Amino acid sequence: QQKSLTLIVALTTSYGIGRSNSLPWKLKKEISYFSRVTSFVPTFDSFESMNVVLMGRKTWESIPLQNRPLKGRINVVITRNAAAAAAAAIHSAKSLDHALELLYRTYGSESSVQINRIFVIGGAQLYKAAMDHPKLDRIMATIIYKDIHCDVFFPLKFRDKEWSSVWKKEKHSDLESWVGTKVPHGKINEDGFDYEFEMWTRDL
């Protein structure tokens, strides 16, 4: 493939991600961080360059009807059906690769709109397919320092010893460089607990 995928997730230290088909916490600076990262397209390329967000159907269903599609990003919803899709615009694909194929077909060299970065934004199930994909090389993880009760977990303990020779946490300086903006270094406290922004990579 051409472009690598980037995964972006918030999780607890016990790898909880979801509870109620929603996020187990209300963290405004986290969502903001999420918005900036998945939307940032280096300045010289902006009139035409858009980032892609690739999220599973349950995650699509979790976004408030008002906030979807996710603004300023090519939204693509992953589903093993074709189905009926509530899209006034809304791409649909049956796999991560089927989505990539649809994006490169649709947003080619002769396109008014061109793809910059592709983000996988959730679904535990879709986070599982991403973690197995060859082009995934980067996780933008928000670490939440509380064992908040979840019913949905991140599928791979990427920050644990067992996966430390594959997955590596990058200096905060390399995080800022990659995201192209300053990012809060160290713990943030919002709604009763600490969280922080990390960046991990695994060599292609």
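When you see a residue number, it is the position in the sequence shown, counting from 1.
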Open item on the list: Mean Cα B factor from the PDB record: higher for 172-180, or higher for 140-148?
Closed with: 172-180
- [ ] Could you check the entry and say whether 55-63 or 39-47 has the higher mean CA B-factor?
- [x] 39-47
- [ ] Select one of 78, 131, 103, 88: the residue whose C-alpha shows the highest B-factor in the crystal structure entry.
- [x] 88
- [ ] Using the temperature factors in the entry, find which of 84, 115, 120, 99 has the highest value at its Cα atom.
- [x] 84
Open item on the list: Ranking every modelled residue in this chain by its Cα temperature factor as given in the entry, which third contains residue 189?
Closed with: highest
Open item on the list: Split into thirds by Cα B-factor across the chain's modelled residues, where does residue 31 land: lowest, middle or highest?
Closed with: middle
Open item on the list: Per the entry's values, where does residue 201 land by CA temperature factor relative to the rest of its chain, in the lowest, middle or highest third?
Closed with: lowest
Task: Among modelled residues of the same chain, the CA temperature factor third for residue 4 - done: middle
